[PDB]
Amino acid sequence: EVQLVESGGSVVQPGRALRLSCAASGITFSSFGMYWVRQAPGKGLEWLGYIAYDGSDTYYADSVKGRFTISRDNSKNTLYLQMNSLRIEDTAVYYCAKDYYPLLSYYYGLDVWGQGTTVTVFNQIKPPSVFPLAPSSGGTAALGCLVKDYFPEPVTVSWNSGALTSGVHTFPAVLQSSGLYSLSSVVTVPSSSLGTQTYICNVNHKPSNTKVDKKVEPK
Amino acid sequence: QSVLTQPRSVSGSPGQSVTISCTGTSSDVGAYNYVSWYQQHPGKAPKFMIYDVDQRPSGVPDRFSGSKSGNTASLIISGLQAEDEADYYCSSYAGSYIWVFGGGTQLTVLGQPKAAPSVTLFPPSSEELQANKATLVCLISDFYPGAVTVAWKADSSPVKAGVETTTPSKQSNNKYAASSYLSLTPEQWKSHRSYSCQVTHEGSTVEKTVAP
Amino acid sequence: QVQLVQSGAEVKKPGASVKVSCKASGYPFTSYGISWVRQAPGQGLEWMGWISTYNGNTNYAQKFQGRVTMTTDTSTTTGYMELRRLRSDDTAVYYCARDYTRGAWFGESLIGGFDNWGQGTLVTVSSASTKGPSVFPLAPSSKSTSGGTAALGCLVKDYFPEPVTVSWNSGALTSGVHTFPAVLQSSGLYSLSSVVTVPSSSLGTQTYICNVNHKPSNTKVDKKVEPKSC
Amino acid sequence: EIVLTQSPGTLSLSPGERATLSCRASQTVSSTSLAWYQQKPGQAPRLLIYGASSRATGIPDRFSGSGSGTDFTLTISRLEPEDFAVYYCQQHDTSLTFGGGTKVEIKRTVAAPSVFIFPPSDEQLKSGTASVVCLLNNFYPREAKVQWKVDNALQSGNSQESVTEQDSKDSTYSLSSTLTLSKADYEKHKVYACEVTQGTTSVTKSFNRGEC
Amino acid sequence: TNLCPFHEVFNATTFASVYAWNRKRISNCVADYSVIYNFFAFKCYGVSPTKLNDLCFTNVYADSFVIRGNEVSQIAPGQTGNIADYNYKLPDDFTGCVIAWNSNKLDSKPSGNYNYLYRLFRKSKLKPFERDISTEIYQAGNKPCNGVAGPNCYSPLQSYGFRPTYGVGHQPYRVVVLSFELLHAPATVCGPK
Ligand SMILES: *[C@@H]1O[C@H](CO)[C@@H](O)[C@H](O)[C@H]1NC(C)=O
Ligand SMILES: [K+]
């Protein structure tokens, strides 16, 4: 069956331009109108646009009409998304998909999709701020570390340099409206061991080469 | 043309029927019979499931069917199987050679008993207030199905601005975890008697309250 | 209103042709084709063909291909049906009817039927020569061996072509009369009977005369049927 | 050829009863191309129904038609005396063919024929032929087996029959059977016998040649 | 003195599939468009039916076919869609009438009447009154097709499946499109005169 492979996604600064590729196996590409669809992390599908099989027409969602350009090279079996003046809103997975039917078709559906290519738009690299989340004393107490305002992913969090494992819960990160990430790692701990065992979280943001330690003490 | 409105989540048990609604306007779903449906599994591309409101492309089981009534289209899945746990989007022509996707519907096929969430709420750390910021951290764990509505309150009035909530992730024990955060000014944090993180799950609210 | 009037009865020798005519009136002639159906005596309907009054196109039943020709004349709003090389089993009544089963202009099939019909044309194909009937008595016995009800009659034998009419006592005796349909004998001549049942007690005093008329030969026969006393 | 079979051959019903006439087709006949005609004796056929269910103008609404595929029905919901006639169905889906007809006659209480036998008139004998006439007067039902025996020898192929139409007053039939012999053969034998059978009853009426 | 054979197209037993739509030419006849004034649904663009009896034309064209009820709205000037793009196109400057009536009793059956086809896709949109009767299976890949659908081999036509229990928008509709043409020749189709 025909296979679509998107390429070209990258971490890019807002305002730059980026051209995505989408390469189809075999020779079936010349017969089909192609589409672009995007999906922001945890958000729904957004129909972007279409170019006809022969290039006769190109259509565009209003949200990107005039800023994105769709084109194709039937010689090279490849479809293109030219993205201009990139915004924070453009961070997403970018899909190319083939019309269910060849030639002028359009009224039915998109039946073969590629695997996607990821575009992430933020200004610069930011290491996190780490803040301690203090416990307040079932005999169980929760303490943790807030890893605030970083880009890009990922951060890894250990507790007491590896010795503390059971009880720790490192939550997935939120993606903020700004483009920065934050997460938290909590550890559930016996209440009687506060102030005798010291609790240190080790935050490691390899994209900025920064390790931070933070001791967490009862407040 | 505006998003098509789908319920955020819906659930049914194996062998039962569930219907996902998809309401648009007179200039899309109510205008045309070019209404289509897509199925998307975690980390996968969408799969094409319905077109012309109720026709099925090659290799899609008859237990998937559609219908349309006024400005609302429906997707109906009878005899639910476990493979059907996925997100479902409707899709509609909007005139002038434009297509529009609906919001998306998380279908969970029940495989274990309902689990309520447990909520841990952290106040802003003392260190962060000294840096002139404030973040309320609301931690949500061990619920099923993996869908919640999080709401914040300053004293009793609902807080809309400064909320950031993750999309639930499947834990190791196949319950779900999620987090919400409230971004705040030291002064506004201190000007209330209490803040309150309110998680709703299958129509039942767990609440956690924190005071300056 | 709509009306189609056909030509009169025809007797034809085997081998000859017959041409029946069909005069239409009370509707726009060139909008409807004309269809033709025959019915041998005592039998069902047999389709013959169709013709457009707008352009002369014809559609004939396979059975009559080569022997039938159908025609229309637009100024006299009349349709014609010619059948050639007549054999004996072409003896039938021939009907025309206004067609709404195939269109006159385009010759394609329509949601309708043969809606107005002509009164029919009898066509007798025979070698027989015109002949008046012999009338013979069916005499009652003046010895009554069947309750008090006696049957008596006229045997009207060996005449051609159809029809004869039979009355009794010049139309004054009517109740109880049965004039049977004629039969075609293997001589080629038609033959029939007319009977009537009467009180046995009335034979002595009532006079029973059958009156047999046969216009093709200009022959009327009046026969007094008397009781056979032997 | 699309062959049309109508059943039963004869339908015996009473005034006011319901008439259900069948027309079956050896292949599919489109409902657009099926028609019913009525033909009373001595008159031309009249169109009743065209297109399976459409009534021709002027036709009483007690006539209706239905069916599709290969099965078509004509219904006379309430039989008036005018309705007792023959009925033909007709198709022009492919070429054009007729049914064989169904006769709808008046059902009445059974009536035994009053039977008479007539020797040849002597007037006729002088001419060289003998017509022996057997009369079955005013009987019901129509079905009736008439046999000729001569000196107890059963005859075949030398008689002919004629039946009246159903009577306007008593709904009966009369029938004649005419036996034709040469004057030579008529005079060679003695006992002339007409044997009328319907059901479990045969009635033979006879005479002896010359005998008073 | 010949009446126009409009009744022959309206009362035909048989309508064409829309992809292979039927055209009758009508000429040299008296027309009575009171017929079109008489459960039918008519829409005239450019003329009024009562005024049509005061006009003469060189020819009149009657195009007929069957489509789905919810597709009838595509038989109108300036429209676009499944049927108008690929099956039957009216010109934007259309002078004429569209008549459509529900034909469920005639064109549906419980097992599905599949005898009406329509076109799914095309190398370009249809021009006004263009008729494309191609049925050759579109070959998309290197392998030949041989009249039958398969992988990379697409039938361009699909049957309607008409059943009488379907909703109105999915049960069959018969439709006739009357064009009125006038050109550099004498006008033969006049009205009741
Ligand atoms: C169809 O035929 C009938 C007569 O059977 C006629 O009255 C009617 O006008 C015809 N239909 C049209 C649209 O002319
Ligand atoms: K017996």
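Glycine gets a Cβ as well: all are built from the backbone with ideal geometry, and neighbour counts include every protein chain shown. Where a number appears in this text, it was derived from the coordinates with a stated rule and is not lab data.
Being closer than 19 Å to E:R122 by Cβ, more than 16 Å from ligand 2 (Cβ to nearest atom) and crowded, with 17+ Cβ neighbours inside 10 Å: is that true of E:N82 here?
Working: closer than 19 Å to E:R122 by Cβ: yes; more than 16 Å from ligand 2 (Cβ to nearest atom): yes; crowded, with 17+ Cβ neighbours inside 10 Å: yes.
When the stated conditions are applied, E:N82 passes them.
Using the structure shown, decide if D:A144 is more than 14 Å from every other protein chain (Cβ to nearest Cβ), closer than 24 Å to C:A182 by Cβ and not polar (S, T, N, Q).
On the way: more than 14 Å from every other protein chain (Cβ to nearest Cβ): yes; closer than 24 Å to C:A182 by Cβ: yes; not polar (S, T, N, Q): yes.
Yes.
Given (1) of a type outside the set (F, W, Y); (2) closer than 26 Å to D:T94 by Cβ; (3) away from every other protein chain (no Cβ under 14 Å); (4) within 16 Å of ligand 1 (Cβ to nearest atom), identify the lone condition not met by E:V9.
Tallying (1) of a type outside the set (F, W, Y); (2) closer than 26 Å to D:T94 by Cβ; (3) away from every other protein chain (no Cβ under 14 Å); (4) within 16 Å of ligand 1 (Cβ to nearest atom), E:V9 fails exactly one: (3).
For segment C:23-60: of the residues being more than 30 Å from D:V163 (Cβ to Cβ) and facing chain D (nearest Cβ under 10 Å), which is farthest from the chain's Cα centre (by Cα)?
Residues of segment C:23-60 that are more than 30 Å from D:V163 (Cβ to Cβ), as a first pass: C:23-35, C:49-60.
Adding the requirement that they be facing chain D (nearest Cβ under 10 Å) leaves C:35, C:49-50, C:59.
On the way: C:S35: 20, C:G49: 21, C:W50: 23, C:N59: 27 Å.
Per the stated criteria, the residue is C:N59.
Among the residues of segment D:175-198, is any away from ligand 1 (no atom under 16 Å from the Cβ), within 13 Å of chain C (Cβ to nearest Cβ), polar (S, T, N, Q) and out of contact with any strand residue (DSSP E or B) (no Cβ under 7 Å at 6 or more places or on another chain)?
Looking for residues that are away from ligand 1 (no atom under 16 Å from the Cβ), within 13 Å of chain C (Cβ to nearest Cβ), polar (S, T, N, Q) and out of contact with any strand residue (DSSP E or B) (no Cβ under 7 Å at 6 or more places or on another chain), one finds none in segment D:175-198, hence no.
Is it the case that D:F207 is under 30 Å from C:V37 (Cβ atoms), away from ligand 2 (no atom under 16 Å from the Cβ), within 12 Å of chain C (Cβ to nearest Cβ) and buried (at least 16 other Cβ atoms within 10 Å of the Cβ)?
no
Just checking, how many residues over segment B:99-131 are away from chain A (no Cβ under 13 Å), small (G, A, S) and either part of a loop (DSSP other than H, G, I, E, B) or farther than 28 Å from B:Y195 by Cβ (or both)?
Of the residues in that region, 2 qualify.
Regarding C:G8, is this residue part of a loop (DSSP other than H, G, I, E, B), surrounded by fewer than 20 Cβ atoms within 10 Å (Cβ to Cβ), facing another protein chain (nearest Cβ under 8 Å) and at negative phi? Before the answer, list the steps.
Numbers: part of a loop (DSSP other than H, G, I, E, B): yes; surrounded by fewer than 20 Cβ atoms within 10 Å (Cβ to Cβ): yes; facing another protein chain (nearest Cβ under 8 Å): no; at negative phi: yes.
Here the answer is no, as C:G8 does not meet what is asked.
What pairs can you find where one residue is in segment D:45-63 and over 24 Å from C:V93 (Cβ atoms) and away from ligand 2 (no atom under 16 Å from the Cβ), the other is hydroxyl-bearing (S, T, Y) and in a loop (DSSP other than H, G, I, E, B), and their Cβ atoms are less than 8 Å apart, with a gap of 6+ or different chains?
D:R62/D:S77
Please work out if C:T72 is part of a loop (DSSP other than H, G, I, E, B) and within 14 Å of chain E (Cβ to nearest Cβ). Working first, answer last.
Details: part of a loop (DSSP other than H, G, I, E, B): no; within 14 Å of chain E (Cβ to nearest Cβ): yes.
It is false that C:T72 is part of a loop (DSSP other than H, G, I, E, B) and within 14 Å of chain E (Cβ to nearest Cβ).
Please pick out the residue among D:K183, D:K169 that is away from ligand 2 (no atom under 16 Å from the Cβ), of a type in the set (K, R) and farther than 20 Å from C:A139 by Cα.
Values: D:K183 fails: farther than 20 Å from C:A139 by Cα.
Answer to the check: D:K169.
Does any residue of segment A:42-56 turn out to be among the aromatic types (F, W, Y) and part of a loop (DSSP other than H, G, I, E, B)?
Filtering segment A:42-56 for residues among the aromatic types (F, W, Y) gives A:47, A:50, A:53.
Then drop every residue that is not part of a loop (DSSP other than H, G, I, E, B), which leaves A:53.
For segment A:42-56, residues among the aromatic types (F, W, Y) and part of a loop (DSSP other than H, G, I, E, B): present.
Residue by residue through segment B:132-141, note down the ones that are polar (S, T, N, Q), assigned to a strand (DSSP E or B) and surrounded by fewer than 24 Cβ atoms within 10 Å (Cβ to Cβ).
So the first thing to find is which residues in segment B:132-141 are polar (S, T, N, Q), and the list is B:132, B:135, B:141.
If we keep only those that are assigned to a strand (DSSP E or B) too, we end up with B:135, B:141.
Answer for segment B:132-141, where residues must be polar (S, T, N, Q), assigned to a strand (DSSP E or B) and surrounded by fewer than 24 Cβ atoms within 10 Å (Cβ to Cβ): just B:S141.
If we only count strands (runs of 3 or more DSSP E) wholly inside segment D:10-94, which ones have 1 or more residues that are within 14 Å of chain E (Cβ to nearest Cβ)?
Of the strands (runs of 3 or more DSSP E) lying wholly inside segment D:10-94, those with at least 1 residues that are within 14 Å of chain E (Cβ to nearest Cβ) span D:34-39, D:46-50, D:63-68, D:71-76, D:86-91.
Could you list all residues from segment D:186-204 that are away from ligand 2 (no atom under 11 Å from the Cβ), of a type in the set (A, V, I, L, M, F, W, C) and buried (at least 17 other Cβ atoms within 10 Å of the Cβ)?
So the first thing to find is which residues in segment D:186-204 are away from ligand 2 (no atom under 11 Å from the Cβ), and the list is D:186-194.
From what is left, the residues that are of a type in the set (A, V, I, L, M, F, W, C) are D:191, D:193-194.
Result: D:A193, D:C194.
Pick from segment E:125-144 the residues that are out of contact with any helix residue (DSSP H, G or I) (no Cβ under 8 Å at 6 or more places or on another chain) and within 12 Å of chain A (Cβ to nearest Cβ): which of them is surrounded by the fewest Cβ atoms within 10 Å (Cβ to Cβ)?
Step one: list which residues in segment E:125-144 are out of contact with any helix residue (DSSP H, G or I) (no Cβ under 8 Å at 6 or more places or on another chain), which gives E:127-130, E:134-137, E:139, E:142-144.
Then keep just the ones that are within 12 Å of chain A (Cβ to nearest Cβ); that gives E:134, E:137, E:139, E:142-143.
Values: E:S134: 12, E:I137: 17, E:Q139: 15, E:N142: 9, E:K143: 11.
This residue is E:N142.
Which is crowded, with 22+ Cβ neighbours inside 10 Å, within 7 Å of another protein chain (Cβ to nearest Cβ) and not in a strand (DSSP E or B), of A:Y108, A:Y101?
Values: A:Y108 fails: crowded, with 22+ Cβ neighbours inside 10 Å.
The conditions single out A:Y101.
Of (1) crowded, with 20+ Cβ neighbours inside 10 Å; (2) within 13 Å of another protein chain (Cβ to nearest Cβ), D:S114 satisfies all except one. Which?
Looking at each condition in turn, D:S114 falls short on (1).
Does B:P113 satisfy the criteria of being within 30 Å of B:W189 (Cα to Cα) and either surrounded by 16 or more Cβ atoms within 10 Å (Cβ to Cβ) or not hydrophobic (A, V, I, L, M, F, W, C) (or both)?
On the way: within 30 Å of B:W189 (Cα to Cα): no; either surrounded by 16 or more Cβ atoms within 10 Å (Cβ to Cβ) or not hydrophobic (A, V, I, L, M, F, W, C) (or both): yes.
Against the criterion (within 30 Å of B:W189 (Cα to Cα) and either surrounded by 16 or more Cβ atoms within 10 Å (Cβ to Cβ) or not hydrophobic (A, V, I, L, M, F, W, C) (or both)), B:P113 does not qualify.
Just name the residue that is nearest to the chain's Cα centre (by Cα) out of those in segment C:92-137 that are within 7 Å of another protein chain (Cβ to nearest Cβ) and outside any loop (DSSP other than H, G, I, E, B).
The residue in question is C:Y95.
Tell me whether segment C:150-172 contains one or more residues that are acidic (D, E), in a strand (DSSP E or B), surrounded by 16 or more Cβ atoms within 10 Å (Cβ to Cβ) and under 19 Å from the mean Cα position of the chain (by Cα).
First, pick out the residues of segment C:150-172 that are acidic (D, E): C:158, C:162.
When the remaining residues are screened for being in a strand (DSSP E or B), the result is C:158.
Checking which are surrounded by 16 or more Cβ atoms within 10 Å (Cβ to Cβ) leaves us with C:158.
Going one step further and asking which of them are under 19 Å from the mean Cα position of the chain (by Cα), we end up with C:158.
Yes.
Which members of segment D:148-160 meet the condition of being away from chain C (no Cβ under 14 Å) and either within 16 Å of C:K157 (Cα to Cα) or in a strand (DSSP E or B) (or both)? Before you say what the answer is, go through the steps one by one.
Step one: of segment D:148-160, the residues away from chain C (no Cβ under 14 Å) are D:148-156.
Once the filter is applied, which keeps residues that are away from chain C (no Cβ under 14 Å) and either within 16 Å of C:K157 (Cα to Cα) or in a strand (DSSP E or B) (or both), segment D:148-160 yields D:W148, D:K149, D:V150, D:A153, D:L154.
Please find, within segment A:61-79, the residue that is nearest to A:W113 (Cα to Cα) out of those that are buried (at least 20 other Cβ atoms within 10 Å of the Cβ) and not basic (K, R). So that I can check it myself, show each step before the final result.
Step one: list which residues in segment A:61-79 are buried (at least 20 other Cβ atoms within 10 Å of the Cβ), which gives A:61, A:64, A:68, A:70, A:72, A:79.
Next, from what is left, pick out any that are not basic (K, R): A:61, A:64, A:68, A:70, A:79.
Values: A:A61: 19, A:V64: 20, A:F68: 20, A:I70: 16, A:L79: 13 Å.
So, considering only residues that are buried (at least 20 other Cβ atoms within 10 Å of the Cβ) and not basic (K, R), the one nearest to A:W113 (Cα to Cα) is A:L79.
Just checking, how many residues over segment E:32-47 are away from ligand 1 (no atom under 12 Å from the Cβ) and surrounded by 13 or more Cβ atoms within 10 Å (Cβ to Cβ)? Steps first, answer last, please.
Step one: list which residues in segment E:32-47 are away from ligand 1 (no atom under 12 Å from the Cβ), which gives E:41, E:43-47.
Remaining after also requiring surrounded by 13 or more Cβ atoms within 10 Å (Cβ to Cβ): E:43-45, E:47.
Final tally of qualifying residues: 4.
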